[PDB]
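The block underneath contains the structure these notes are about, expressed in structure tokens.
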Amino acid sequence: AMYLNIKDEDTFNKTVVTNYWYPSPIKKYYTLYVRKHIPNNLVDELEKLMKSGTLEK
């Protein structure tokens, strides 16, 4: 069933869609997608990485 599940690598819908795989860069987990109680939202992290008085610039 591994190979009946990969029955269509070569239908036209499944070639034009590109597939990304990368070996995981182990990076500090900051997430664009959801801001919640864990302070990991990357934009909030980026404003914290801004120097004092640069968002006014």
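Naming works like this for the structure tokens: A, B, ... for the chains as they're shown, residue 1 at the start of each chain, ligands 1 onward in shown order.
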
Chain A: residues DSSP assigns to alpha helix (DSSP H), reported as a VMD selection string: chain A and resid 13 to 16 42 to 49

Nearby residues (only C-alpha atoms) at most 6 Å from residue 42 in chain A, same-chain spacing under 4 positions excluded, as a short mmCIF file (atom, residue, chain, number, x, y, z; two decimals) with N, CA and C atoms, in the first residue's frame:
data_model
loop_
_atom_site.label_atom_id
_atom_site.label_comp_id
_atom_site.auth_asym_id
_atom_site.auth_seq_id
_atom_site.Cartn_x
_atom_site.Cartn_y
_atom_site.Cartn_z
N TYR A 30 10.23 30.60 15.64
CA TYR A 30 9.39 31.78 15.57
C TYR A 30 8.46 31.63 14.37
N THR A 31 7.19 31.98 14.56
CA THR A 31 6.11 31.56 13.68
C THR A 31 5.36 32.75 13.15
N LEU A 32 5.21 32.81 11.83
CA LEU A 32 4.47 33.89 11.22
C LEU A 32 2.97 33.69 11.38
N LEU A 46 10.68 40.62 15.79
CA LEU A 46 11.45 41.52 14.93
C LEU A 46 11.43 42.94 15.47
#
